[PDB]
Every structure is written in structure tokens, then in C-alpha cells.
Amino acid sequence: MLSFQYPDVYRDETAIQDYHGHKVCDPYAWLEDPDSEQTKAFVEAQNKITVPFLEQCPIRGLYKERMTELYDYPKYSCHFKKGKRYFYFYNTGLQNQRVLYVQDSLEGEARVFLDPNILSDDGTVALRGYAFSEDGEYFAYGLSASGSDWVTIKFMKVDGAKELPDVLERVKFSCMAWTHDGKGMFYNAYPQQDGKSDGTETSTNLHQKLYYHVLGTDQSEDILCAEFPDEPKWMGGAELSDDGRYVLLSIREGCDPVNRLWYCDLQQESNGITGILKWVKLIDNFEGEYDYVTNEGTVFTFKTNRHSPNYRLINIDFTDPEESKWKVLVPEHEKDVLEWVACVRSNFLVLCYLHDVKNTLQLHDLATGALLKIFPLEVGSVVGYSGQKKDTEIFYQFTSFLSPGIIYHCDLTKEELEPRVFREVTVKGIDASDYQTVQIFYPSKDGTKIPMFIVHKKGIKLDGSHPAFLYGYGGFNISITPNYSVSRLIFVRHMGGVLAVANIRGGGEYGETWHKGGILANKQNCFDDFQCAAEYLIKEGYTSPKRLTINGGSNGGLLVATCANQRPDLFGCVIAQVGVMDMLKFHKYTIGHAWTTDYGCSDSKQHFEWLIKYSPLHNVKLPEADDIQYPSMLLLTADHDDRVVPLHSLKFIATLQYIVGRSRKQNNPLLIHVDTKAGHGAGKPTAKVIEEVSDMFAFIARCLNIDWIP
């Protein structure tokens, strides 16, 4: 099967760094430079062996044909109203990018408003962020090229879809918020830096500033409204209150769900927005999250995790601001996580809870917090919503493992609420009724019960014979909830597979305590939970080690890489997408400094001692047992991934190939693929999505010798 040679890769044996008395060698440190001829050559030499391996088997073509057919169904976002018009995104099925449409009423003819497909030949220019003026008459929108986090903001007049001259450069991790006077918009930008700013560069991102752009002016005239030059990692995002009176500034430092909250009453500005605003530092620490919901005069309703790991709603009066005086509007639930909250039709709140990793959607009274209405849902996720304070209706979008999902609509002006299906799409070719989704709770190493979803064909014998695809993330307070994936259902239907998703610690599935259970000194809990998930699938007879594939991306790419080093005997195949592999250096690059809230930072001795134990780059080791080799591994990354710089995967693959790939007992392939004109994955065009899943499943089919099932 290894009908190919690994490329020779130079080792810089002089690259030795002292970490708190521990010497670490980093012989592929030179791969950190994306622009060098050396690094370019390495990448070319790697893709040269990977592409033929993946494309040799007819199963890739069979999978791609099926994916192309089954993925070709219409995809809609919720309707949402702005000013006097409705908007929605729509993809006929296989367009590279979804298209923004406008209609003058709910039954009016729709027309194309913004079509990102015409911005490139290959669909690699995508929308990233947008903001309508309060009256709905002007529209600002971010564009990213090649999947980079860098954005250019452009502007349109809505009536006639007219392009405006205004262009904002150097935008990244940015808010977009228009003042209600329609004069201009808040956004964030970064100071000029040496070298490139296109998504191929690794330079750290510091000193983000908040600016106000006056419409019809050049960007050079933009007003600096907030900056934190003594705190280079702080990021201040602006939003206007629902009545337009206040700018709220949420300042973050890292990825924890906490923020400072300052405000500025715009009516108190001496002469409009002319420089740094008269900020009032209502919450001036990083001890809690304060997420604006709505206000009524000086009474501000926020969703918070302050003293409430499962979140709750509080009212803070700006004119009586001490914490002792805050009113608890909707108290914390004992187990259910309050995921998000919206205010609609003046005095309703829409609350979305997570209960054992399934959503429930509720309407509450703003004045008392009282429950009014439960919106009926099947078991799965709410993935989209519209309805702001001035609106008199909501839309919401539901999805699940087996259903592409449904957009619902509810007219909130009605005395008796009657939600109805507004849009529904069926994917013929996959009969949902042939399959089932079960949820189980398995005990981890320390006895903690972890949820896991399993999706499989009804009636199968649990005799260990099925290939399985087990997915995890485990970090950053992100909950991994049910969603429709045609590519995974093809694995079930046409490869006879079992799908599994493990809700391991580090996630937000059981609130901030679940998140803290998988970070910092307890990061090893994530890996233990995930390994235990694999043992459960095997023990209960869903699969066997040699038929089990694991998959994760980003922080989940770290998950599956670590699990390969720690338990190579447990897995047949590992696909790590855009993974954080160098845990000693991740903080040095682009936005990596933000992840130290989950991981820690190697500059501290204490953190170093945690990180060195699991950092995938630093834990590649030939298994001691003669009959154990590493699983088949595929790393996927891309040259404009400026979220997780691709050097992580480059250094990791060189290391795997040299330490393990050179040993006589290793017969499983250890491969990387580096895509071009693509990034971390946000805004990836449909054509690339299809190619990527075809690569992934062809790898699986080949490594496990799975027969296609027509």
C-alpha cells in the first residue's frame, strides 16, 4: 500500500530551546515561514504523494458523485426584516456561495441583492459579517478572500442595490454597528504591520482599535473611539442599544466567555462622535460575561454567567449600578444551559435552552421573566433565528442528524400563537426512517458521565463489524449539537458506517463547569473522555479498533492527534483538520494568543508542565509493543488558514513521518494535504467542501478496505 516514499525533510538539529530547564528540540522550526522556497517545496512534495493515494481508488469518485447528488438540495437561511424589506440567504443547491435575496413583502417577488459568486471564478471570496443601518436603507458587508480572517468592508445603498465608494481595509475580528442616526458605523481594525496581510502570514494580531466610519468619507478620516495600548490583547466590540441611545463596548481578552462592559450615552457627547468617547466603565473586570439583550430606559437586561455557570438573565440599572441592586429576571436553571436570548416585539424574550444537548425554544415576558409559550420542536438544534425588538414576528431554523431541517415562522401580533412551517426541504436518496439516533451516557475514567450521540441503520447487530466515524471537539465552551451532514450520512448509507459524536468536557453542553472540566490543568480530561467514547463503541459492539475512524477540527484536530499519540492501539484511522499541533508555540501566531484561556501558555512553568505532556508535536513516539503501529493518519490544512497557521500541521507531519514513518513496523500511511486558496473553513465554497469530504472518505475507504454499497 505504501507504494511511495516520504520526502526527505531537513532537520535543524541546532534548534534547541530551554523551557524552564527542559530542553526542547524543534528541528522543523523552518516550516514556520510560509514564504520560503524550502517550505513551498515541502508542501509540494507532500501533496505529490497524498493526492495520488487518495485518488487511486474508484471509491473517491463514487463518493464524490453521491455527495454532489445528495448535497444538491436548496438551502435557506431564516427570513429577516430590515426597514421595509425582507432578506434571506438562499443556495439553489450547489452554488459555491449562498446568495442574499430581497423582497418588498413576504409574498413579493424576490430578487438577488448580493451574489458573492460573481466576485471570484472559484467561489473563494465569501461574505464575512454584515450590518444593515437601523432604518434598513444602507448595508455594510465584509468580504474575505481565500478563507482568511482578514476582511474588507464594502457598502451598498439598499434601494436599487447601489454600490457605494466606501471601502474599509485592515478589518479582522470586527464588530459592525451603525449609529441610529444613519451617519456611520463602528468597526475594528489593526495597525499596519510589516510583510503580508492576506492570510498566509503568521504575524501576531495585537492593538486592535475601535473606529467609527462616517459614510461618504475616506477611511483615513475615521474616528478613533477606543484603544487599549497598555493591554495589546484587549479587543473592544461596539453595539448600539435597541433605542439607539447607548454604544455598549464589550472588551474581551482571550476566548473565555467573560467581558468588560463599558457604555457611552451618545446624547452626552459634547458634539457627536469626534474622538475617544466618554466611556462609563460599568463592569471593569473580566470576572463575568454580560451579553446585551435589551434595555428599557436605563434598565439593561443582560445574559450573564456571573455566579451562574448555566447562565441567567439579570437587569442592571445604569442609575443604580451596584451588583447588590441587580434584579434576577430569569434565574439560572439547575442543569439546562441558557444558550442565547433575543428581545422581540417590544416586550417578549425568546430563550433558547440546551437540555441534554438538545434545544428547547421558549417565549418569555420581558417585564417579569415569566414563561409564556414553548415552541414545539423535534429533538435537535436551533441553528438560526430572526426577530429583533421592533419586529413583530420570528423565524427560527431547526436541524437534526437525520433532517436537513425546517424554518418556522410565528406571527407575534396574534393573541394565540400559531407557529407554522415556512420552508422545508427533503433530501431524496436518504430515507430518515431507515436510521436512528440514540443518546447514551458513558462513564469516563474519573466516573463522570459523558453524553454521546450514535446514528446508525436500524436493525444492525452489535457484533463489532461496522466501520465507525467518531467526532469530538472538546473546548472553548462550544457545544456539539445535532446537525444535518449529508457527507456523514453517505458514510452510514454507502459505506455501512456508524456515526458517533462524543460531548466531551471542554465543551459548553453542561455550562461553564463542563468548559472548565476540559481546560488548563484539566485538558487531559478531554482526551480521556474521547478515548473512553471509543472504548464504549468497541465494548458495546458498534465497531472494533481497526475499523474505527476518529475526526476533529481545530481544537478537535488537537483532540484526535493527541489521541493518536496516547492510544494508537484504539484507532484504525485519524483525520485531523486544521489542528493545533504545536502547544508550545501556538500563542506566537496570528490570533493564537487568544487560546491561552483554554490551554495556558508555555511562558509559565506550571502551564508548560501541563502542555508538554500532550502537545502532539512533542509526543510522537513509536509504540513499545511490537504488534502496535500508529493508525493511518491524514492531516488537512490550507495555505490561507490564518486562524490556525498551517505550520502546526507541517511540523507535525514531518515529525510523524520521520519518527514513526521510517520504522519498519509502520505500514499505515501518515499523510498531509495542503489546499490552495482556502483557510480555516469558514466561507469555503461548495466545490471545495465536496472535494474535501471526498478526500476524507476515500482515505477511510482505502485504509480500512471498505466496499462501497450502491
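Heads up, when I say rigid core I mean the largest set of C-alphas that superpose within 1.5 Å between the two forms. In case it trips you up, residue 1 is the first one in the sequence shown, and so on.
Greater average departure of CA atoms from the shown form, over structures and residues in 4 other deposited structures of this protein after a core fit, characterises 418 to 426 among 418 to 426 and 630 to 638. Averaged over their C-alpha atoms, the temperature factors of 96 to 104 and 503 to 511 are higher for 96 to 104. Looking at mean Cα B-factors across 178 to 186 and 459 to 467, the upper value is held by 459 to 467. Taking only the listed residues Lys605, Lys523, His640, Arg567, the entry reports the highest CA temperature factor at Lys605. The top Cα temperature factor in the record, among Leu647, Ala678, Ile59, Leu670, falls on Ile59. Looking at the C-alpha B-factors along this chain, the one for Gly683 belongs to the lowest third. In this PDB entry, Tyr10 carries a Cα temperature factor that places it within the middle third of its chain's modelled residues. Residue-level temperature factors show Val43 in the lowest third of its chain, judged at the C-alpha atom.
Residue-level temperature factors show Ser77 in the highest third of its chain, judged at the C-alpha atom. Annotation for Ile16: CA B-factor lies in the highest third of the chain's modelled residues.
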